[PDB]
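Inspection log for the structure reproduced underneath, given as structure tokens.
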Amino acid sequence: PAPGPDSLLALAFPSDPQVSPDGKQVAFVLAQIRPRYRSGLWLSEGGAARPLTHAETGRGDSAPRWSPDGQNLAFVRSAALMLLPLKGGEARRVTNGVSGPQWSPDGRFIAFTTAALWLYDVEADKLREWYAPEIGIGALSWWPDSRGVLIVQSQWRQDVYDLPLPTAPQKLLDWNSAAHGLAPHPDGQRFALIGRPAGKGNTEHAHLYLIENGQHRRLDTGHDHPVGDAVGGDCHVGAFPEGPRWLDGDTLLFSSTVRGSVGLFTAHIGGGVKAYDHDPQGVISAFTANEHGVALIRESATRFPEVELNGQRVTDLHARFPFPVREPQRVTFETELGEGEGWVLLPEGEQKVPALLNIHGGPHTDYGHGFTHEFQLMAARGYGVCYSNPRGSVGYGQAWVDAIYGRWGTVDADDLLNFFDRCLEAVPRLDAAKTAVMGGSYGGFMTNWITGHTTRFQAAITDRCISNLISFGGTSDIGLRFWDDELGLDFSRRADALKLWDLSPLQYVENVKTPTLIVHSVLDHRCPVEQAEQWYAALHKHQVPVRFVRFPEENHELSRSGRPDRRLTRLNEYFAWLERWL
Amino acid sequence: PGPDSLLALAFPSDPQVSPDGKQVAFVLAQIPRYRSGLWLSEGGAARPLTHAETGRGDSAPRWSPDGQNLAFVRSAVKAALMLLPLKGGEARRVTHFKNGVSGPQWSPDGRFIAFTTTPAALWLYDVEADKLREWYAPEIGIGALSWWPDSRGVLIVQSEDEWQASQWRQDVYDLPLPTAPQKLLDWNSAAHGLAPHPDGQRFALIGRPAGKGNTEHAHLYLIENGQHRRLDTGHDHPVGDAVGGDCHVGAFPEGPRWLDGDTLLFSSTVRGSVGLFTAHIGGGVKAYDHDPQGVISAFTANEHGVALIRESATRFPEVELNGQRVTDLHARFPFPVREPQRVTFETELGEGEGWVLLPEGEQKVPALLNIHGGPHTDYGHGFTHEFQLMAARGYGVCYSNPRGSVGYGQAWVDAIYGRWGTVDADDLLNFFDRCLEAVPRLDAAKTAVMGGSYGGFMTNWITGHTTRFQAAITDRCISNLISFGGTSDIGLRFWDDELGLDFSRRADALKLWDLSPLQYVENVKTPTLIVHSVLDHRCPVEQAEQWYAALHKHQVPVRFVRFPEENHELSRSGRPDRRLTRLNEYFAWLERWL
Amino acid sequence: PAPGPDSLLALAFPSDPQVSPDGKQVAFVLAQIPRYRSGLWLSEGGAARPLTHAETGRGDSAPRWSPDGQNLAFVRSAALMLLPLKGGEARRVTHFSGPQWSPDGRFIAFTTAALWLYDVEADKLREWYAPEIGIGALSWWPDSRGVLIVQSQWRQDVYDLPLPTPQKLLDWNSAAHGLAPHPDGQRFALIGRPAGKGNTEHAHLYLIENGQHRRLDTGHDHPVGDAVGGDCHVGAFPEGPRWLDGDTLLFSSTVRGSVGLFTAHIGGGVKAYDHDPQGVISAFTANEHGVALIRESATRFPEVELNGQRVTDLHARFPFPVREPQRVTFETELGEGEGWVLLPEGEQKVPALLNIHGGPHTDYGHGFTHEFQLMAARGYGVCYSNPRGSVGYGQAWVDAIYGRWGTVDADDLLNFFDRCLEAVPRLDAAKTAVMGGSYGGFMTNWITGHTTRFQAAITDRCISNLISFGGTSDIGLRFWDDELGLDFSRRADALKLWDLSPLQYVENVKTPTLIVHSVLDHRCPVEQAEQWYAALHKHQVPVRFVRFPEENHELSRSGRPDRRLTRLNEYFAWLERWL
């Protein structure tokens with residue numbers, strides 16, 4: 001009997017790999033099993049990790065944070081701040097919930113939000129509200145001197161503030177743009193951030209900037225790739241820290257997405273970027289570091305996420321994967337910007353198998369070397385999965401991103417069908433008569449676009465789709481800016497709205513003949529369900545075979561509450577639709 | 001210093017020595033509602049190990065043989081088996097039963113944890129495999145249980161069927177580990193405290209042989225090939241703690257333990273004290289730790305160490321490890337304690353004894369005769385918060401061990417057989433007279449009499465046979481011996497054992513009526529406070545309703561306090577309300593009448 | 001085919017027959033369906049029709065006509081309601097029992113216990129009097145100036161209570177109820193007994209004037225009120241005497257297992273008004289214009305009547321045929337006693353069940369007993385009698401058992417039973433059982449401890465220890481003083497109570513015994529049954545103890561028939577096991 005969606009319930013999900021201050025231990029979060037996922041803390045001192053807490057109710061424990069002396073672990077329990085002594089005894093609750101705890105480096109305080117910023121005085125065992133922002137607090141880091149914190153706060157434009165310990169926050173940087181990942185320099189005065197300067201739109205690669213007396217200088221020079229993990233994968237449940245960490249006064253360690261992989265690199269104040277730990281066939285999804293050690297989570301297209309400490313794997317999570325994983329093969333396609341790439345994941349055997357073109361979202365993300373249970377399960381059920389990084393994808397340089405600016409549905413659509421044609425030529429086991437196209441978000445937009453511009457696919461599955469760019473501008477919680485950044489078009493202006501209507505898949509819906517599964521959350525704030533309702537009503541009026549699944553659970557329910565119901569049901573509906581149409 | 005003083009106290013229990021003999025884990029109940037958590041000492045001041053914020057809390061700490069883990073029972077979750085690694089990390093819940101578990105015991109090899117759960121079945125936790133498995137479903141139920149030292153299985157005490165159970169008679173069985181219990185001893189009598197010998201074949205038990213009535217001192221028996229021979233010979237005192245005191249909250253283990261192949265350590269009640277002694281396979285009983293003015297209420301031991309709880313008439317219970325006190329609980333006692341004075345009385349069996357606890361100062365003070373229950377227990381050297389609080393409020397507390405008490409030999413027990421209300425009442429009033437003579441400060445015109453259970457029977461009896469007391473307080477009383485036989489959960493046997501009388505036989509019923517305080521209630525003139533739980537299964541409230549109704553009809557001043565909480569509410573739920581309210585009513589009644 | 005206890009659920013139970021002031025209508029209560037709910041029903045002379053409907057709670061009770069005949073006050077669960085009879089739905093006048101209209105229609109008095117007053121014209125409530133001890137009977141003076149109230153060793157007096165802007169009217173110092181103010185506005189009648197009489201004395205009728213009392217039901221050596229057994233009475237059964245004119249007071253009285261209406265005259269003796277010696281009138285109301293009542297027989301289910309015409313169809317609901325009992329006599333030094341045998345169909349031998357009524361000062365006879373009819377429908381011969389101690393055969397018949405329960409009363413029951421076996425050859429002398437409730441349970445315990453002759457016994461709400469009863473019963477303080485002249489709190493008396501205790505003789509019991517008792521019984525505490533059970537179990541007599549969590553009269557209290565159905569099931573299962 002073939003593996004089904006239930007295979008997911010055998011998996012346990014690691015997150016938040018926190019290296020100890022002395023660099024010799026790693027503490028992390030493991031979520032495991034309507035069945036329901038709960039999270040507990042795990043600890044390794046170099047060997048096989050062991051559970052440290054146990055939760056039988058609620059969402060469980062998260063956010064492990066080492067005290068500077070390495071004798072305690074602060075964590076959040078469901079939400080309350082907990083302190084667990086590592087050498088014996090059970091945790092104590094020291095506090096509508098809490099989040100984002102961070103010890104001061106001197107061990108005297110724990111900062112968290114509850115949202116206002118609050119302060120737990122460790123030696124005095126007292127709480128005090130530190131700062132009640134008017135708009136909200138983004139990134140936060142302690143100065144190495146424990147004098148206070150740096151905070152980010154405000155069209156996605158923010159600045160950086162200095163907030164000393166209480167006895168009012170002063171502005172430290174006129175940034176007026178996107179900023180996160182504050183990494184205070186050891187000297188207590190300079191600091192690094194991740195983002196982009198004021199003049200750049202949000203399709204610009206995020207980069208590393210050194211800040212000094214209000215000036216900025218790019219730190220990850222000569223590296224035409226973004227900071228952070230923007231590679232797809234469906235086995236990340238929980239927090240995935242990627243904050244840059246100064247290894248010495250000259251060396252800032254950070255992660256970066258390059259051609260479907262994510263590696264660690266170092267930027268130097270005195271020069272260029274060096275590889276630190278970058279396998280072009282792997283993804284490092286989270287890391288922590290200090291002067292003594294590094295802990296991270298690693299995965300590949302064939303390897304489930306595992307926790308590592310200083311190069312040694314401390315988890316056994318791939319052994320829980322309930323069926324054999326298969327190795328994809330690479331297939332390239334040509335464009336005026338150079339060679340594009342994608343992959344085909346095949347079932348066992350030698351018979352013809354249906355070909356499923358999967359389109360990643362973003363659009364400025366990458367497919368590639370993340371671990372995708374959904375893809376492995378499709379192959380285990382007899383489908384060939386074809387997935388690629390068209391122009392618009394993020395790991396192939398700024399020009400590859402910029403090629404789709406203002407004209408979604410042109411070169412991106414070409415690249416996807418060019419790739420798919422190359423798959424059929426390169427992989428004779430792919431059945432050219434049993435093809436489907438599918439994707440989520442931008443991938444759903446693209447599924448809607450492609451089926452309205454060709455009838456070649458025998459089935460379509462559109463998830464979290466976009467069909468009407470005009471209505472999206474007014475209903476999405478990012479509608480006010482998303483098209484200005486991605487397309488240079490303002491839906492509230494007449495000439496621009498008409499251009500958005502010409503980029504709308506709904507305009508061409510009269511051409512759709514492909515049986516289509518529509519999957520959407522009723523309460524989606526990013527892609528409102530009105531996008532799916534318009535596509536469904538149009539197909540239904542044309543009597544195109546269509547099925548509309550309306551989830552009452554918002555996206556990412558597994559991370560939000562630990563309930564896998566939405567993901568199991570979604571997979572059931574995907575395969576039921578493919579079994580019905582092939 | 002009022003009844004509220006109780007809320008300052010924390011109550012220790014279950015002193016469990018580690019296998020290497022160098023640590024003790026125990027239970028501490030503290031504050032409004034008492035919850036219990038586990039505490040640990042390696043020789044110095046004990047430190048908390050768990051913290052209970054909801055429910056009744058944590059209890060039953062059990063060391064894993066390697067000393068690295070503690071199994072325990074948690075209520076927050078009815079009573080779940082928990083496993084706590086001592087070197088770091090939080091406890092793990094190992095059972096998920098609706099009704100919880102009890103009586104966890106590690107096998108000596110550390111491979112299993114045996115426990116019971118709902119009659120409750122015996123279950124097995126496989127430690128290396130992390131699996132649960134039902135071991136044995138008894139027909140009636142399982143009493144004592146111990147592992148063979150080689151961990152091949154357990155010894156269990158149980159009745160064979162409902163016939164034997166209706167006699168309160170049990171045998172001992174061998175129950176090997178599952179891959180069918182065989183009988184090891186045709187006991188057909190009382191047995192508990194199984195102490196398997198290190199040789200893996202013999203074992204000791206506490207109890208009495210079939211031919212002996214239930215008033216015979218519990219003794220120690222060595223079992224070999226179905227044969228029995230008494231082990232604590234030449235020791236005319238019972239095994240176990242039978243001394244009064246009101247600061248025991250939780251489990252108090254007293255299971256005998258082999259210190260070597262010849263030596264079995266046990267506790268025994270002797271003239272109001274409880275001491276440790278050793279029984280020898282090849283010799284007599286020796287004292288091991290016996291202060292004649294102290295009470296050891298619980299202990300554990302192995303070849304490497306001993307842990308216990310110790311107290312006196314002037315010292316609140318403390319936990320010790322190898323002779324060193326590891327708790328500071330007496331320091332929480334909120335007012336100064338005073339020293340009792342001994343006062344004796346004559347009987348044809350020899351001299352009996354009691355004590356007078358006096359308040360500060362030299363003025364005249366009312367005298368309260370307090371009668372212990374049982375009747376086969378002892379007053380003496382346990383710590384009684386109520387007595388110290390009565391003296392702190394200005395009362396002279398007079399309390400004694402009349403014939404019928406348990407610590408003065410079998411003959412002293414037997415003196416009251418079949419004739420409650422004769423020599424026992426004589427001894428109590430003779431003692432009380434000697435108190436008034438020995439201590440001129442006691443006010444002969446402001447006297448009260450009070451007691452619980454048998455003490456309530458005796459309070460009812462005494463007030464119906466003399467008017468001398470100015471006030472009386474009868475708690476959990478007995479007034480009608482006939483109705484008690486049909487209503488009490490032990491009514492079918494208690495009078496048979498204590499008096500040789502069966503209420504269902506006519507000639508015996510009339511004798512039970514002549515031993516009933518209610519028959520003489522027309523003579524009662526003393527203002528009487530009646531205290532009773534509405535749901536008492538042992539002394540049903542009908543016993544108190546009859547006394548109340550009779551007194552009320554004679555228009556004797558009477559007040560009847562009906563608690564909806566059963567007795568021992570502090571132990572059952574941690575709620576001290578019943579104890580505080582009881583003490584409040586006692587003092588209010590004495591303040592009104594003196 | 002054989003009917004079981006479930007047959008009970010086919011029945012609807014009438015109560016509280018209230019005649020209209022104009023004498024031409026009756027309003028009454030009907031309890032029907034698993035759970036009984038009650039609603040008000042109305043007849044203007046013909047077949048009664050429903051007037052209220054409630055699908056929650058216990059329903060509606062206490063219908064009271066307004067003096068002008070246009071409204072009906074009633075109690076709904078519990079709150080006072082007013083229903084206009086010629087149209088419109090009821091109104092709730094209280095938002096918080098025993099409502100009584102002033103004769104002039106201006107007020108409604110009720111208790112809530114404190115006495116309260118609803119002003120009809122002002123539509124306001126007001127507390128009238130909050131007694132420290134309690135209020136018993138109550139009636140309005142005919143002038144509506146106020147009410148007479150009874151209130152306090154079970155001794156009471158009568159008070160005068162005028163309308164607010166209480167005085168003592170009679171130093172009675174004894175039992176009084178059924179206040180019936182005379183039309184002249186000064187005299188009043190009561191039911192009870194004078195101070196010098198114990199509670200075993202027949203209740204009688206007394207005319208009160210200026211503190212003096214004179215017996216009104218002279219020459220009638222029988223008690224006022226219905227004291228006949230029957231198990232189809234659910235709800236209130238009014239029996240208050242009513243003046244038909246200034247000389248004539250109408251009342252009911254129990255006579256030899258029947259209950260009839262009679263009239264007492266201020267200037268003469270007692271005359272029959274409506275007395276069939278084979279029927280029972282269980283409740284009535286009357287005025288100068290009409291009479292309404294509920295009537296029954298040993299073969300007729302209770303029905304409501306208005307001025308001699310039956311207005312209900314309730315006997316038609318009885319789901320199996322009823323049978324006619326035959327009378328059997330026995331002789332005593334006080335004269336002839338009587339009882340009855342109810343036989344099943346056919347000609348075959350059948351088991352004989354001796355049933356002992358409670359009280360003990362009540363009567364078996366001509367009430368309707370579903371339990372007895374169902375026992376016969378299931379093949380048992382039911383033998384039931386009125387031994388000395390029973391109430392309908394004169395004061396001497398009552399007084400014969402005083403101070404000595406278990407002597408002549410027990411004699412009469414076994415003498416009666418022996419005469420049944422002689423007179424009724426179909427009764428099987430080898431398959432006999434004895435059973436009863438309350439005093440009848442006392443007597444089942446006593447008899448089985450004094451003879452082995454019965455093959456089965458069923459003791460319900462029993463008494464086994466007269467001493468403990470004295471201290472545990474809510475009437476224990478007085479019951480043995482009244483019934484036996486014995487005080488359990490006195491040493492010499494307690495020994496005599498132990499000699500009257502069935503438990504003293506329990507060693508002789510060999511009869512398999514079913515024990516039925518409520519755990520929360522305040523009248524006969526369950527400790528009485530626990531002692532019998534524990535004693536029989538120790539003697540290894542086959543015994544079964546059914547402990548209900550529902551108190552007695554759960555059907556009346558909540559409308560739930562579960563306790564009666566389960567009880568009947570246990571009775572027949574035990575009889576099936578032993579015969």
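So you can find residues: chains in the structure tokens are A, B, ... in the order shown, residues in each start at 1, and ligands are numbered from 1 in order.
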
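Near chain B, within 8 Å and using only C-alpha atoms, the residues of chain C are residues 465, 468, 470, 471, 472, 477, 488, 489, 490, 491, 494, 503, 504, 505, 506, 507, 527, 530, 531, 532, 533, 534, 535, 536, 538 and 539 of chain C.
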
Using only C-alpha atoms, find each residue of chain A with at least one atom at most 9 Å away from an atom of chain B; report its shortest atom-to-atom pair and that distance in Å (one decimal), sort the rows by chain and rising residue number, and return the result as JSON lines.
{"residue": "A:51", "atom": "CA", "partner": "B:89", "partner_atom": "CA", "distance": 7.9}
{"residue": "A:52", "atom": "CA", "partner": "B:89", "partner_atom": "CA", "distance": 4.8}
{"residue": "A:53", "atom": "CA", "partner": "B:90", "partner_atom": "CA", "distance": 5.2}
{"residue": "A:54", "atom": "CA", "partner": "B:92", "partner_atom": "CA", "distance": 6.0}
{"residue": "A:55", "atom": "CA", "partner": "B:92", "partner_atom": "CA", "distance": 8.5}
{"residue": "A:56", "atom": "CA", "partner": "B:93", "partner_atom": "CA", "distance": 8.3}
{"residue": "A:84", "atom": "CA", "partner": "B:89", "partner_atom": "CA", "distance": 7.8}
{"residue": "A:85", "atom": "CA", "partner": "B:88", "partner_atom": "CA", "distance": 7.4}
{"residue": "A:86", "atom": "CA", "partner": "B:88", "partner_atom": "CA", "distance": 5.2}
{"residue": "A:87", "atom": "CA", "partner": "B:88", "partner_atom": "CA", "distance": 4.5}
{"residue": "A:88", "atom": "CA", "partner": "B:88", "partner_atom": "CA", "distance": 3.9}
{"residue": "A:89", "atom": "CA", "partner": "B:49", "partner_atom": "CA", "distance": 5.1}
{"residue": "A:90", "atom": "CA", "partner": "B:90", "partner_atom": "CA", "distance": 5.1}
{"residue": "A:91", "atom": "CA", "partner": "B:90", "partner_atom": "CA", "distance": 7.2}
{"residue": "A:92", "atom": "CA", "partner": "B:51", "partner_atom": "CA", "distance": 7.9}

Output file for the residues above (N, CA, C and O atoms, as an mmCIF file, in the first residue's frame):
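Contents of selection25.cif, freshly written:
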data_model
loop_
_atom_site.group_PDB
_atom_site.id
_atom_site.type_symbol
_atom_site.label_atom_id
_atom_site.label_comp_id
_atom_site.auth_asym_id
_atom_site.auth_seq_id
_atom_site.Cartn_x
_atom_site.Cartn_y
_atom_site.Cartn_z
ATOM 1 N N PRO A 51 15.437 14.465 25.536
ATOM 2 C CA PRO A 51 14.402 15.438 25.896
ATOM 3 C C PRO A 51 14.703 16.049 27.251
ATOM 4 O O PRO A 51 15.232 15.399 28.159
ATOM 5 N N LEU A 52 14.354 17.320 27.385
ATOM 6 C CA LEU A 52 14.605 18.050 28.613
ATOM 7 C C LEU A 52 13.330 18.452 29.332
ATOM 8 O O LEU A 52 13.301 18.441 30.562
ATOM 9 N N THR A 53 12.268 18.770 28.592
ATOM 10 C CA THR A 53 10.952 19.028 29.154
ATOM 11 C C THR A 53 9.940 18.109 28.485
ATOM 12 O O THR A 53 10.201 17.522 27.434
ATOM 13 N N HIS A 54 8.774 17.987 29.109
ATOM 14 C CA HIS A 54 7.700 17.139 28.606
ATOM 15 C C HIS A 54 6.382 17.861 28.832
ATOM 16 O O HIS A 54 6.136 18.390 29.922
ATOM 17 N N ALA A 55 5.571 17.935 27.781
ATOM 18 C CA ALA A 55 4.302 18.651 27.808
ATOM 19 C C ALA A 55 3.196 17.743 27.294
ATOM 20 O O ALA A 55 3.289 17.219 26.178
ATOM 21 N N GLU A 56 2.157 17.549 28.104
ATOM 22 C CA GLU A 56 1.018 16.742 27.689
ATOM 23 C C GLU A 56 -0.206 17.576 27.304
ATOM 24 O O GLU A 56 -1.195 17.010 26.823
ATOM 25 N N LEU A 84 14.637 27.019 33.828
ATOM 26 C CA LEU A 84 14.938 25.637 34.173
ATOM 27 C C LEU A 84 16.414 25.533 34.532
ATOM 28 O O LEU A 84 17.274 25.811 33.676
ATOM 29 N N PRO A 85 16.766 25.140 35.756
ATOM 30 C CA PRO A 85 18.181 24.893 36.068
ATOM 31 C C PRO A 85 18.625 23.580 35.442
ATOM 32 O O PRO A 85 17.938 22.562 35.548
ATOM 33 N N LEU A 86 19.769 23.611 34.762
ATOM 34 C CA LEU A 86 20.149 22.449 33.974
ATOM 35 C C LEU A 86 20.702 21.308 34.811
ATOM 36 O O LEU A 86 20.677 20.160 34.354
ATOM 37 N N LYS A 87 21.173 21.583 36.027
ATOM 38 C CA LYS A 87 21.833 20.570 36.836
ATOM 39 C C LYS A 87 20.909 19.898 37.842
ATOM 40 O O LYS A 87 21.381 19.112 38.663
ATOM 41 N N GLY A 88 19.610 20.149 37.781
ATOM 42 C CA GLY A 88 18.706 19.419 38.650
ATOM 43 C C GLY A 88 17.587 20.257 39.225
ATOM 44 O O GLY A 88 17.794 21.411 39.612
ATOM 45 N N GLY A 89 16.398 19.680 39.288
ATOM 46 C CA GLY A 89 15.217 20.385 39.735
ATOM 47 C C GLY A 89 14.321 20.770 38.569
ATOM 48 O O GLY A 89 14.736 20.811 37.409
ATOM 49 N N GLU A 90 13.068 21.063 38.882
ATOM 50 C CA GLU A 90 12.111 21.389 37.837
ATOM 51 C C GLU A 90 11.979 22.901 37.682
ATOM 52 O O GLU A 90 12.279 23.677 38.593
ATOM 53 N N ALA A 91 11.508 23.299 36.502
ATOM 54 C CA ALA A 91 11.402 24.702 36.131
ATOM 55 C C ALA A 91 10.454 25.466 37.056
ATOM 56 O O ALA A 91 9.605 24.892 37.745
ATOM 57 N N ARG A 92 10.648 26.784 37.090
ATOM 58 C CA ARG A 92 9.798 27.711 37.820
ATOM 59 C C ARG A 92 9.253 28.756 36.856
ATOM 60 O O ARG A 92 9.964 29.208 35.954
#

_So that I can check the surroundings of residue 196 of chain A, please list as a list in words every protein, DNA and RNA residue that reaches within 9 Å of it, counting only C-alpha atoms and ignoring chain neighbours fewer than 6 positions away._
residues 175, 177, 178, 179, 202, 204, 205, 206, 207, 208 and 209 of chain A

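Backbone DSSP of segment 336-430 of chain B yields strand (DSSP E) at residues 341, 342, 343, 344, 345, 346, 347, 350, 351, 352, 353, 354, 355, 356, 357, 365, 366, 367, 368, 369, 370, 371, 396, 397, 398, 399 and 400 of chain B.
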
Would you export the selected residues with N, CA, C and O atoms as a CSV table (one decimal), in the first residue's frame, please?
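Once written, again-v7.csv looks like this:
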chain,number,residue,atom,x,y,z
B,341,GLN,N,4.2,17.0,82.6
B,341,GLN,CA,4.6,16.4,83.8
B,341,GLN,C,3.9,15.1,84.0
B,341,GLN,O,2.7,15.0,83.6
B,342,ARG,N,4.5,14.1,84.5
B,342,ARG,CA,4.0,12.7,84.6
B,342,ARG,C,3.2,12.6,85.9
B,342,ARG,O,3.6,13.1,86.9
B,343,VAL,N,2.0,11.9,85.7
B,343,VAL,CA,1.2,11.6,86.9
B,343,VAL,C,0.7,10.2,86.7
B,343,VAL,O,0.2,9.8,85.6
B,344,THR,N,0.9,9.4,87.7
B,344,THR,CA,0.5,7.9,87.7
B,344,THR,C,-0.7,7.6,88.5
B,344,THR,O,-1.2,8.4,89.2
B,345,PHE,N,-1.2,6.4,88.2
B,345,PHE,CA,-2.4,5.9,88.9
B,345,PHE,C,-2.2,4.4,89.2
B,345,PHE,O,-1.6,3.7,88.4
B,346,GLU,N,-2.9,3.9,90.2
B,346,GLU,CA,-2.8,2.5,90.6
B,346,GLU,C,-3.9,1.7,89.9
B,346,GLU,O,-5.1,2.1,89.8
B,347,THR,N,-3.6,0.4,89.5
B,347,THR,CA,-4.5,-0.6,89.1
B,347,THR,C,-4.0,-1.9,89.6
B,347,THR,O,-2.9,-2.1,89.9
B,350,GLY,N,-1.0,-3.1,87.9
B,350,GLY,CA,0.2,-2.3,88.1
B,350,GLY,C,-0.1,-0.8,87.8
B,350,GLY,O,-1.3,-0.4,87.6
B,351,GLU,N,0.9,0.0,87.8
B,351,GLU,CA,0.7,1.4,87.7
B,351,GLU,C,0.6,1.8,86.3
B,351,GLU,O,1.3,1.5,85.4
B,352,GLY,N,-0.5,2.6,86.0
B,352,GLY,CA,-0.7,3.3,84.8
B,352,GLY,C,-0.1,4.7,84.8
B,352,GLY,O,0.2,5.2,85.9
B,353,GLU,N,0.0,5.4,83.7
B,353,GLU,CA,0.5,6.7,83.6
B,353,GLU,C,-0.3,7.6,82.7
B,353,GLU,O,-0.9,7.2,81.8
B,354,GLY,N,-0.1,8.9,83.0
B,354,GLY,CA,-0.6,9.9,82.1
B,354,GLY,C,0.2,11.2,82.3
B,354,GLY,O,1.3,11.1,82.9
B,355,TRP,N,-0.2,12.3,81.7
B,355,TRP,CA,0.6,13.5,81.8
B,355,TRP,C,-0.4,14.7,82.0
B,355,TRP,O,-1.6,14.7,81.6
B,356,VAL,N,0.2,15.8,82.5
B,356,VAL,CA,-0.5,17.1,82.7
B,356,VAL,C,0.4,18.1,81.9
B,356,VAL,O,1.6,18.2,82.1
B,357,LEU,N,-0.2,18.8,81.0
B,357,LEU,CA,0.4,19.9,80.3
B,357,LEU,C,-0.2,21.2,80.8
B,357,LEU,O,-1.4,21.4,80.7
B,365,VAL,N,-6.2,27.2,86.7
B,365,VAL,CA,-6.6,27.0,85.3
B,365,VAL,C,-7.6,25.8,85.2
B,365,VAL,O,-7.5,24.9,85.9
B,366,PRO,N,-8.5,25.9,84.2
B,366,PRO,CA,-9.4,24.8,84.0
B,366,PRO,C,-8.6,23.5,83.6
B,366,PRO,O,-7.5,23.6,83.1
B,367,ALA,N,-9.2,22.3,83.9
B,367,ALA,CA,-8.6,21.0,83.7
B,367,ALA,C,-9.4,20.3,82.6
B,367,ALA,O,-10.6,20.1,82.8
B,368,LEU,N,-8.7,19.8,81.5
B,368,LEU,CA,-9.4,19.1,80.4
B,368,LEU,C,-8.9,17.7,80.4
B,368,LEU,O,-7.7,17.4,80.1
B,369,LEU,N,-9.8,16.7,80.7
B,369,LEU,CA,-9.4,15.3,80.6
B,369,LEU,C,-9.7,14.9,79.1
B,369,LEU,O,-10.8,14.9,78.6
B,370,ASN,N,-8.6,14.5,78.4
B,370,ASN,CA,-8.6,14.1,77.0
B,370,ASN,C,-8.4,12.6,77.0
B,370,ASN,O,-7.6,12.1,77.7
B,371,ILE,N,-9.2,11.9,76.2
B,371,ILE,CA,-9.3,10.5,76.1
B,371,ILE,C,-8.8,10.0,74.7
B,371,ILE,O,-9.5,10.4,73.7
B,396,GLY,N,-5.2,23.4,81.4
B,396,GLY,CA,-4.4,22.3,81.8
B,396,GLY,C,-4.9,21.0,81.1
B,396,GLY,O,-6.0,20.6,81.3
B,397,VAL,N,-4.0,20.4,80.3
B,397,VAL,CA,-4.4,19.2,79.5
B,397,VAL,C,-4.0,18.0,80.3
B,397,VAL,O,-2.8,17.8,80.5
B,398,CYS,N,-4.9,17.1,80.6
B,398,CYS,CA,-4.7,15.9,81.3
B,398,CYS,C,-5.0,14.7,80.4
B,398,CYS,O,-6.1,14.6,79.9
B,399,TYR,N,-4.0,13.9,80.1
B,399,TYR,CA,-4.1,12.8,79.1
B,399,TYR,C,-3.3,11.6,79.5
B,399,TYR,O,-2.2,11.7,79.8
B,400,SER,N,-4.0,10.4,79.4
B,400,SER,CA,-3.4,9.2,80.0
B,400,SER,C,-3.6,8.0,79.2
B,400,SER,O,-4.2,8.0,78.1

*10 Å contact set for segment 582-584 of chain B, only C-alpha atoms, chain neighbours under 6 positions out, as a PyMOL selection string*: chain B and resi 2-4+386+389-390+475+531-532+561+563+576

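The neighbours of segment 100-102 of chain C here are the residues that come within 8 Å of it, using only C-alpha atoms and leaving out any residue fewer than 3 positions away in the same chain; they are residues 64, 65, 66, 67, 105, 106, 107, 108, 109, 110, 139, 140 and 144 of chain C.
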
*asked:* Please list as an MDAnalysis selection string every residue within 12 Å of residue 147 of chain B, counting only C-alpha atoms and excluding residues in the same chain fewer than 2 positions away.
replied: chainID B and resid 104:115 144:145 149:156 173:177 193:198 200:201 203
